[PDB]
Structure formats: C-alpha cells, structure tokens
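J.: Before I ask anything, here's the sequence and the deposited coordinates:
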Amino acid sequence: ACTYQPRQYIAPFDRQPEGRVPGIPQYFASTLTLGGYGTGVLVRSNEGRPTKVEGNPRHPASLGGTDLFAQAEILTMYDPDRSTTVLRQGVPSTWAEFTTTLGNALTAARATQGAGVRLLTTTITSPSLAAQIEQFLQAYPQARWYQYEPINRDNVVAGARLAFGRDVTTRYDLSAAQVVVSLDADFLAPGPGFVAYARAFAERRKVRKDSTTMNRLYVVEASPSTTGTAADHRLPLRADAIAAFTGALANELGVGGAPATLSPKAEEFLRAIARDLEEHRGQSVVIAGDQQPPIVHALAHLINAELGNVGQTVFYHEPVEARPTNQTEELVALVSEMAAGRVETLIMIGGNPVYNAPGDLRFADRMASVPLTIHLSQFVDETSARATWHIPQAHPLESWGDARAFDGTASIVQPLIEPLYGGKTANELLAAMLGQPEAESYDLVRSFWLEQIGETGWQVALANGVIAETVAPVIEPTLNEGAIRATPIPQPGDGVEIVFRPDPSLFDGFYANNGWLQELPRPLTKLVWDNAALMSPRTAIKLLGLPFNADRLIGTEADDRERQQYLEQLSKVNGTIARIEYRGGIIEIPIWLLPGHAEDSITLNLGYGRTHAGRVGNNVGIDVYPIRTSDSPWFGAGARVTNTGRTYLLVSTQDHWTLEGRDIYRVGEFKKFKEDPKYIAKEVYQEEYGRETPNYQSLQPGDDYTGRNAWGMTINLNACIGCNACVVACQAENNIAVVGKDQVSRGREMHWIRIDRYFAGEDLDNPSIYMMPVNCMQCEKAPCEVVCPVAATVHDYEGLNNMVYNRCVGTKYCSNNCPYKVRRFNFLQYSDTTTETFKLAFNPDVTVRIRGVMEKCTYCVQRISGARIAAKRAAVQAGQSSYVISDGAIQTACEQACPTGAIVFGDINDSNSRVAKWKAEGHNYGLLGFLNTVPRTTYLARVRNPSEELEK
Amino acid sequence: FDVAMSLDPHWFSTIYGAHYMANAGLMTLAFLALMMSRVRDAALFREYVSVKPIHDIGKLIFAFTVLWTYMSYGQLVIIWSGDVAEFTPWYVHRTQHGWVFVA
Amino acid sequence: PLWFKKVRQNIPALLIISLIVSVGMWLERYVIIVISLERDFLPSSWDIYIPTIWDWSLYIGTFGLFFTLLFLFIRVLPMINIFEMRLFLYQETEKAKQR
Ligand code: SF4
Ligand code: SF4
Ligand code: SF4
Ligand code: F3S
C-alpha cells in the first residue's frame, strides 16, 4: 500500500561465467531443421537463455534470413506443455529403469539378429546419427531402419531413379535463370533451400534506373500459394492434369512426350512457355514440385538437359539425405510387419506416427501388436500416450547435435542452455542401444566429428556456423531416355479432386501448440486458429448449390466496382460445413472461398485436429489425415461435397478482399519502366487531378531533419512473397501478446506489421494477388500525435514516432486518427503473467504491455538505442565527439527475417545509404499521400515482365 | 455556394454560407444603427422610441460580432488541425503575399 | 407535423414526437461515429462494430442515475422558481394596468 515499490530482491551468481559481461547479450551459431534439412541460425542468448533467432550470413540456405518456423522455435521451446519426465505407461519413471529395460530387451534380440527390433525416424541427415544407426545395424543384422515423415520428398528421389538410374540431389541457381517455370512447385515456400532460392529470385527481380534485365516466372498450380503471387503469369490448372501438362510441354519442345487434350487457355500457356524457352537456353530452369508424380520430375530433368540448362542453372550433387528412399512404401512395409505380428520391439524417434500416418494404414490399431513401443517426441504426443517408455526429447536449442542443409554443409547444432526438464537426444538413445548408457551428447558428436576434421576444425566450426570440409560433390549422371519415355503418364478425371497441402503456419502439425504460428494469419486466406476447405467461388456455387451466378464476377473496367460488391456479397457463404466423402471417410469441414483455386478442386490443409497437443491448439481444425491415403498422398480422385447447412464460425483478419479503386497498390510493366521509371506515378495523378504532379500543400511547418539522423524504411513490392516471416520476427522481438480466437473474432488481434492481399483484376475468379506489408509509416506530420491529450505519442529528434506505454491513459483516439490503422490496443489483459516459461521467453529490452495501453511499430527502437549508445561511446572513447552510425549497424527484426530482402532500413539523410538510394528511384511512393503525413516508410511500385504472346 | 464558393471548384466548406449569413447579419445591423442615428429626429421616433431598442440593437451587434468570429475560427481550426491537402490551399492563399496582414 | 398548430397543441402527439426525436438523435450520433469509423482509407482495415450487453447495461444505468437525481431534486427542492413566478405575476398585473 505504501513505499511506492516493493523490496525487489536481486540474486547474482556464485561463480561468474568466464566470457559473459552481465547485461550484454551474446550470439551463438546453431542449426534448425525443418523437414530433416538444416538451416544455420544466429540465436541470441541474453543471460544464458535463447530469446531471438536470426539468419546466419555465413551459412548457405540462410544468408541472413530465416523462415517463420525458425522464428517460432523460440516459443516452441518455451512451451509449458513440453514433456518433463519419462513415462513407462503414463506413469512417471526414471532413466535408469528404462536403460535396464532396454538392455534386457536387446539381450533377447541378441539371441536373434534383431529381427524383432525396428526403428522409425524421420528424414535423417545428421552424419552422427546416421553413423550410429549404421553401427547398430551392423551389430543387429536383421534390424530395419524405416524412416518416414508426412512431408517428404519421395517423388523427387523416385523421379531421379527413373531418369538417371541413381540417387541425385538437384540444386537450382536462380541467379542465372532469366526464365523459370514451376510445375506445381512451391519453391518460394518454407522447404529445402527456401531462403537461398527466394533471395536469388528477389535480387533478380529488384529493378532500378540502371537496370536492364528482369526474370520471368511461369507457375502452374492447383491451389494458389506464395510462389503464384510473384508470378508474372499464373495458370490455375487441376492437380491431376499437371502430369499431362508436363508431357505436352516436353512434346512441344521437340522432345519425347505425349500430346494431351487441354483447354485453349492451357494451350496458349504451353505456347508462351515453349516460346520463351528455346530462346533462353542455359538461362532457364523447369522446376517440378514434390507433390507431382515421379514422371513429372523425370520429364523436367529431360527438358532441362535438352535445353542446355544443366551445369548452368540445374546442378546435380551426391545425395545429402543419408539413406534416400520411398518413405511411404517403407511405412506400408512396417505396418504390414506389425499386422503380421513379426515385430517385437518398435523404437520411434519423433515424427508422431499415430497422427501423421495415412488413415488407410491403421497405425494405432497395429501399434498394439508390438509389445514394446518407445518414443521420443519433445511433447506427450498422441503416439507417446499409446506407447510405453516415453522419453522426453531435448529441444534443438538445448542439445548437442549436427545436421545437413541442402547441397550438404554439415553444420553443428550448438546448445544455449542445459535441458530445462532434462531429456535426451537421438544419438544418446542410439548410444544406449549400442551398449553405451549414460553417454553425454557432447562427447558423442565431438567423438564423431573429431578424427575427421580435427580439434582445430571443431573449434572453427563452433566459431562460425558451417563446416568448410563437408559439401556434396558435383557429379554428372547419365539420362535414360527409354525409361522416361515408356511411362503411362496418368490423365485427370474421376470428378472433384482433393489436394492435400501443408498448412502455411503449422506444417505437419508439430507447431500446433505454438501460439505465434496458430495466430499468424495464413497467406491468401487470412484465417487464424482454424482449418477450412479452400475452393474457388465457381466450385462452391456448383457443388454446394449456393444461389449465385458466379459469372457476374466477370467483367471489364467499366463495372469493376460492381463486381467487387458482388464478391463481397458472395463472401457471405464462408463457413458452410461440407461433408467431403473421399475414400470411405467423411470429414465435415467448413468451406472457405479462395478465388485463384482451380475449378473442381478442393484444398485441405494438414496439421489440424490433434487431441494430445498443448493447451494451445488442443482441439482446433478438422483432421485431414484420416481421409489421406497411401496410394496418393497429395492428390485426390473423386469426392462428394454434400452441403449440410449448419454453419461454423470462421475468423479472418481482413474480411475485405478487394481494394475499392484506390491508390493502395501500384503495378507497372518492365518494358515501359525501362524508358521511364516514373510512369506509374505520372498515371493515377492524371486521372485524379489532370496533371502529372500532385501539388500537395500543407499548413504545418514540421521539423527540419537536415544535419541529424533520419530513420526510414523501404518495402519493395517486387520482392515480397507473403512468407509472414516478418510478423513472427516482430512478435518474437517486441513481446507482442497472443490473444484467443474469440478476441480475434471481435477484431482485436495485436500485430505491429500485417500483410494484405487484395485479389484484383478482371474475372475475380482468376485474380492477380497483391501482397503488401503495412506497419507504422512514421509520419513526419503524424496525425496520431495531435490528438492524444496526455502527450503519450510524440515525435523524436531522429524523426521517429515515440509511443510511450506508461503515459497512455487509453483514450483510443490515437487510433481513430491513424489513416493506416496500425495501432493496436490492449482492450483486456493479454500478456501472460502466470506461465513461467512464457515469462522466460520475453525480450528484456522491451516492456511488456499491460491492459489499457496502445502499441504500434517502433522501428525496433531497442536496436536503434543500442547502436546510438555504442556509437556515442566509441566516439568519446577515441576523443572525436563525432557520433557517426554505420549503414548496416541497425537492422530491424522484420529486415533480418525477410529471406527476399524486401525490407531496407537506414538513414534517410546519409545519401550513400541503401535506403537513400532506394528512395531516389522513380517508382518510390508513400501510401495515402493526399493526407499530408509525409511517411518515412515508403513502397517501391511493383513492376511486371509479361510476355508479348500472352498479353497481345 | 454558387456565386463565391464556385470560384475555386477544388475547395468546399460546409460551414460556408452560414458564415455569409452571419456576415450579412452583422452588416445590416451596423447599417440599421447608422440609419437610426441619421433619422433619430423624424417626429415618429421622438414620440415612440426610447433607449431600450437602441440598447437591444447594440447587444445584437455585439452578439453577431462574436458569432461571426466563432464561425470563422471554427472553420479555421477544423481545416488547420486536420491538415488534409484538399482544404489547405484556401488558407494558403489567404496567408501568402501579404494577405496575412489583412487577416 | 410540428409545422401545424393543431399538432403543436396536442399533448400525446408532442410526447410521441419527442420520443422519436430522442431516438433519431441517438441514431444520428451513431451514424456520425460508428459508420464513418467502420470503413476508412485502407480497405484491409475494414470491420464491423457490434455492441455487447455491458455498454447497454451502462446506458440503462445512466438513465437510472439521471432519474434518481431528478426524483431527489423534485422531492427536496421546489421544481419551479418561486420568486421569478411572483415577479412575473407582478409584471402581468402592471401590464394589465397599462392596458
Ligand atoms: S516483407 Fe514480410 S511477408 Fe514479404 S517477403 Fe519479406 S518477410 Fe515475407
Ligand atoms: S502510421 Fe499511424 S501510428 Fe504511425 S505515425 Fe502515422 S498516424 Fe501515427
Ligand atoms: S521495424 Fe521492428 S517493430 Fe516495426 S514491424 Fe519491423 S520488426 Fe516490428
Ligand atoms: S490517444 Fe493517447 S492516451 Fe494512448 S490511446 Fe492513444 S496514445
């Protein structure tokens, strides 16, 4: 009641760490794996605790950039639902008891040759684990490995075996690819080598005044994605007709294939693809998606070889996946051995087989046949609950290990903290099965990596983020024409198809407990906390019997606003439950309207419906894995939609999918941009004012900002792909709270940056998608500052917009005057207070907001203050009184996360800075300029490079 | 709106016109006070007009003066604080090339 | 209907018109604030406003506090100014004296 503040005790160390300065965060080089392939990350430890993850500039596949999963691994480690103890049968047990039971069980196996012993891991690329598994197989000859995961690359290795007769790894160097063609290949999505491909593609799309060339992207996909956004031409073909499309493409170029009866639009698309190809030989690449059948991969290799792209844009290396194999076939063989009762012991290392296996395999029922089941899941997953001897697994941020990225690099997974709840790694278990219990994970990876690179090599590897000796050698395989020519090449049919796609934020369902990813609005859909059956408007009209024409969305420029109003009226059918019958299964999942979807195709997103997940996501979405089948894991044949009425509430962060004829998004052509980079701005202003220049006049003086630092930001629309990595980075850096689905339904999501798609163009059933990131524009004449009565929002000496939490009384007037609506309010108590692990995840340099205050983008002021203090201290310690900040000294979290490099931050006044050079371009513009706000965050208009045969 | 505001079709004000009525009311009130002082001895005022009507008209002139100032300041502060570029050129020209001294 | 004289002299018509005017004034404040705030410059920042039960409860509650204070005023203090009324009576008597 008195004394203003309590006692606040302070507990220091008893022995100081040798290399740590208290109050100074440090950085460590580790590796994060997505689908078994590694990604070098630079992770920040504040006082021995991981808090932020950023890119490792020294590591390929992460040249200073990360994906949303690498950013969200921070909160995934701090989940309060992670496993803490060993469970024999749900009973808390010990590690020594499990070791004795494993040794006794393996003694019985020693009487045989391990015939009953079976393994079950995911896509393994770690050399240490692969060497220990091989040693265990030499000790037990009749044992089998059997690796499987729901998001695998079985079609890639199958196509490589069909074409070259051996296992090869295909790498794409997009930096020298003027024409790129994607056959249902979502290479701009989180996958193998996603950051490197997205960076090279973006740097080829960043056009300037002196620029002279620009690459072109062709994509053919069933459901639109991030790759289709950055495409100059997009063809919404069905998922089954893409194999026949590839055959027709190979046939048109004069190479062995098969002609196919296709639509006139697909015929004109084949024409243009073939014409732009053959004119860019060695400057082109054809990419086949992992979802497409093996024949599509083989035909793509053949097309690339004939065009001369091999050795220039397509490179072949030795396999980097340890054992490359058809994982679904090995899973069928394992469940067959389980049904026959041959297996006696089944050891699983992650992957959640009970939830991830296809529905027609009945993994849970056959799992009872094997008496001893053992699992390491890092959570109490569904499989561990139905298994004996559950062993908690150590998080990648608290364990020793290694991994291999695409093209092979063999980076080290360096821990940052002792395991919180204990928990062993995979190689520790493999050493336990090798008669070596109580083996330290440090000594295991250190013993394997020694005697190969040396002690000085291990020290250099820990210092940097890579190992310089390990890289996949370049090989030259031979192509088999007869095998790839004599292939059935399946044709579409059987009616409405189902396309199984990984969820953009949840992947295989591992991150269903992560609040940051579950709340992240999905790209192109903007849904949160839920799962839906995505279908085009025409498909929903025809199949669910909805009373709309779907032809009124077609029109010209004269009736564009009327078509947008009809699309608004049509969006009212979102939420209708549909009883999809695929192959003996009814799913009963609500529907959602995605305009770009191909007709007669429904996209179902994986990773929902879990029952033994954490408190977050414990019962979200409808499980699609039961209807998933082993014969076709990505495509479907025939389905029965069966509309049931019985609406379900779906929640979206935008609720309006069309810009109502305003100057929000600017698009141009490269041929006209070359002659004059300012032509887009000269347009609009003529149609709005009759002149080529808007003579905006203001009544306020503002401030000068001449000899001082002026912080500014530039967003390049030609590089944004909607990967939503900047949003998770902003959440992880600025302690942004996580509200429930109920609070998002009422429009109370808290996000300092948001990406908006606007589905614009003719037809509105085949629309171009425009993604645009929006944060605080930092208006020099900010209207949000002239309305807050307590002066809680003012302006900074450097032109920044100061939003002070402890002064806001919460009038909510600062938001109504914000033209861009980039201010979020704590209507209730949103920040977590009780959970200790979430309190450990908070960034100590940012205050955690309480109920009744406002938030908005602060240009990551903690990093600006740190660099300014460091610059002043370096200036006075040398006796200069200069105080000068380098260009790359400050990097906001959204700038570092972006794998494409679309966000550039720096000093406006320093003319040699990258931002000053970018803002001087002809296509640099600021949103809502008619309001004299003078924003410091500007946009670079999107420039397109379309073909003349398709446009004319 | 038609005679005066249409001179610059790029600008419009909703309070305008009501400002004209208060302006015309102040002008005709001062005109009435002048003409009353002129004809104060017409043998009709002398027998039927006292100081009460003169005091009431003086109070009306005072009330219409503060009313006109209130309308003009209201229009100014609305356009000034909300720095929208479609309404700023009006007060730009009236504050430029010496016109500020008139204001 | 207030333009006419018979309606202006009718008591029930005045009560109904006053009630309708009060409802229309609340609707006008709603149109000015909520409708204008729902759809702004950026179409992506568009949403709908649906009031809950608690702000309604505050509304009826404010009516009750208003009427509680009025009932206490009419119970303790005189609701018509007395000395002004007797002065008005004296003024009307003087006016009738001067015809
Ligand atoms: S700006 Fe954000 S959404 Fe766009 S590409 Fe960069 S990280 Fe992804
Ligand atoms: S974008 Fe909004 S919050 Fe940011 S400075 Fe401008 S008005 Fe203020
Ligand atoms: S600059 Fe910082 S606060 Fe602003 S959007 Fe980017 S990460 Fe968030
Ligand atoms: S009005 Fe001001 S008091 Fe807070 S809610 Fe906005 S900064």
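T.: Sure, I can see it. Numbers count the residues shown, from 1 in each chain, chains lettered A, B, ... in the order given. Ligands and ions are numbered 1, 2, ... in the order given.
J.: Please list the residues of chain C that sit near chain A.
T.: C:37, C:40, C:41, C:42, C:43, C:44, C:45, C:46, C:47, C:48 (Cβ under 8 Å from any Cβ of the partner chain). For every residue, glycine as well, the C-beta is placed using N, CA and C.
J.: Which of the helices or strands spans the second one?
T.: Taking DSSP states H and E as the definition, one finds residue C:40 inside no helix or strand.
J.: And for it, the neighbour number?
T.: Residue C:40 is flanked by 16 other residues according to other Cβ atoms under 10 Å in any protein chain shown.
J.: From residue B:90, how far off is the residue of chain B found nearest chain C?
T.: Relative to chain C, the nearest point of chain B is residue B:84 (11.5 Å; Cβ to the nearest Cβ). Using Cβ to Cβ, to the nearest Å, we find residue B:84 at a distance of 11 Å from residue B:90.
J.: Compare these two (neighbour count), which wins?
T.: More neighbours surround residue B:90 than the other of residue B:84 and residue B:90, with 20 against 15 (other Cβ under 10 Å).
J.: got the phi/psi numbers for that one?
T.: As for residue B:90, its main-chain torsions (degrees, to the nearest 10) stand at phi -60, psi -60.
J.: close enough to count as contact, it and residue B:79?
T.: Yes: Residue B:90 is in contact with residue B:79 according to Cβ atoms under 8 Å; the separation is 7.2 Å.
J.: Give the residues shared as contacts by those two.
T.: residue B:13 (Cβ atoms under 8 Å, 6 or more residues apart in numbering or on different chains).
J.: Which secondary structure state does residue A:337 sit in?
T.: helix (DSSP: H, G, I helix; E, B strand; the rest coil).
J.: Could you find the closest non-adjacent residue to it?
T.: residue A:343 (5.3 Å; Cβ to Cβ, 6 or more residues apart in numbering or on different chains).
J.: ok, that neighbour to residue C:12 distance?
T.: 90 Å.
J.: And residue A:931, by the same measure?
T.: From residue A:931 to residue C:12 the distance is 51 Å (Cβ to Cβ).
J.: Residue A:421 now?
T.: Using Cβ to Cβ, residue A:421 is found at 77 Å from residue C:12.
J.: Ramachandran coordinates for the residue of chain B closest to chain C?
T.: phi -80, psi 130.
J.: Could you list everything it pairs with in the sheet?
T.: Judged by DSSP bridges, the bridge partners of residue B:84 are residue A:931.
J.: Now do the same contact list for it.
T.: A:930, A:931, A:932.
J.: Residues of chain A that sit close to ligand 4?
T.: Proximity of chain A to ligand 4 is confined to A:788, A:790, A:792, A:793, A:808, A:809, A:810, A:811, A:812, A:813, A:814, A:854 under the rule Cβ under 6 Å from any ligand atom.
J.: Just the buried subset of these, written out for ChimeraX, thanks.
T.: A single ChimeraX command suffices to select whichever of those are buried according to 16 or more other Cβ atoms under 10 Å in any protein chain shown:
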select /A:788,792,793,808,814,854
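J.: possible to save the residues of chain A next to ligand 4 as TSV with secondary structure and distance to residue A:825?
T.: Shown next, in TSV, are the residues of chain A next to ligand 4 (DSSP: H, G, I helix; E, B strand; the rest coil; distance: Cβ to Cβ, whole Å):
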residue	secondary structure	distance to residue A:825
A:788	coil	13
A:790	coil	15
A:792	coil	13
A:793	strand	13
A:808	coil	9
A:809	coil	12
A:810	coil	7
A:811	coil	10
A:812	coil	6
A:813	helix	11
A:814	helix	9
A:854	strand	5
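J.: Show me which of the residues of chain A next to ligand 4 is closest to residue A:522.
T.: Lowest distance from residue A:522 to those (Cβ to Cβ) belongs to residue A:854, with 26.5 Å.
J.: got a list of what that closest one touches?
T.: A:792-793, A:803, A:805, A:808, A:810, A:812, A:814-815, A:823-826.
J.: Do I have it right that residue A:277 meets residue A:284?
T.: Yes: in terms of Cβ under 8 Å, residue A:277 counts as a neighbour of residue A:284; the distance is 5.5 Å.
J.: So for the two, which residue has more residues nearby?
T.: Taking neighbours as other Cβ under 10 Å, residue A:277 and residue A:284 compare with residue A:284 leading, 27 against 23.
J.: and the more buried one, bridged to which residues?
T.: Per DSSP bridges, the residues bridged to residue A:284 are residue A:179.
J.: my guess is it meets residue A:179, correct?
T.: Yes: using Cβ under 8 Å, residue A:284 makes contact with residue A:179 at a distance of 4.3 Å.
J.: So for these two, which residues contact both of them?
T.: With Cβ under 8 Å, 6+ apart, residue A:284 and residue A:179 have common neighbours A:276, A:277.
J.: Next, count neighbours for the residue of chain C found nearest chain B.
T.: Of all residues in chain C, the one sitting closest to chain B is residue C:41 (11.5 Å; Cβ to the nearest Cβ). Residues lying near residue C:41 (other Cβ under 10 Å) number 15.
J.: Equivalent analysis for residue A:869, please.
T.: With other Cβ under 10 Å as criterion, residue A:869 counts 10.
J.: ok, the spatially most central residue of chain B - contacts?
T.: By Cα atoms, centre = their mean, the mean C-alpha position of chain B lies nearest to residue B:23, the distance being 2.4 Å. Going by Cβ under 8 Å, 6+ apart, residue B:23 touches residue B:68.
J.: looking at this, residue A:63 is in a helix?
T.: No: if the criterion is three-state DSSP, then residue A:63 is coil and not within a helix.
J.: so residue A:750 touches residue A:736, yeah?
T.: Yes: taking Cβ under 8 Å as the definition, residue A:750 is a contact partner of residue A:736 at 5.6 Å.
J.: who touches both of the two?
T.: With Cβ under 8 Å, 6+ apart as the test, residue A:750 and residue A:736 both reach residue A:855.
J.: which one of the two has more residues nearby?
T.: Ranked by neighbour count (other Cβ under 10 Å), residue A:750 and residue A:736 place residue A:736 first, with 25 against 20.
J.: what's the closest non-adjacent residue to residue A:477?
T.: That would be residue A:164: by Cβ to Cβ, 6+ apart, it lies 3.9 Å from residue A:477.
J.: separation between residue C:79 and residue C:15?
T.: Taken as Cβ to Cβ, the span from residue C:79 to residue C:15 is 19 Å.
J.: likewise residue A:942?
T.: For residue A:942 relative to residue C:15 (Cβ to Cβ), the value is 62 Å.
J.: more neighbours, residue A:343 and residue C:12?
T.: residue A:343 (23 against 7).
J.: which residues does that one contact?
T.: Per Cβ under 8 Å, 6+ apart, neighbours of residue A:343: A:116, A:118, A:334, A:337, A:369, A:370.
J.: Going by neighbour count, which of those comes out on top?
T.: Counting neighbours by other Cβ under 10 Å, residue A:334 leads the contacts of residue A:343 with 24 neighbours.
J.: for that residue, what are its contacts?
T.: Contacts of residue A:334 (Cβ under 8 Å, 6+ apart): A:118, A:120, A:144, A:146, A:148, A:343.
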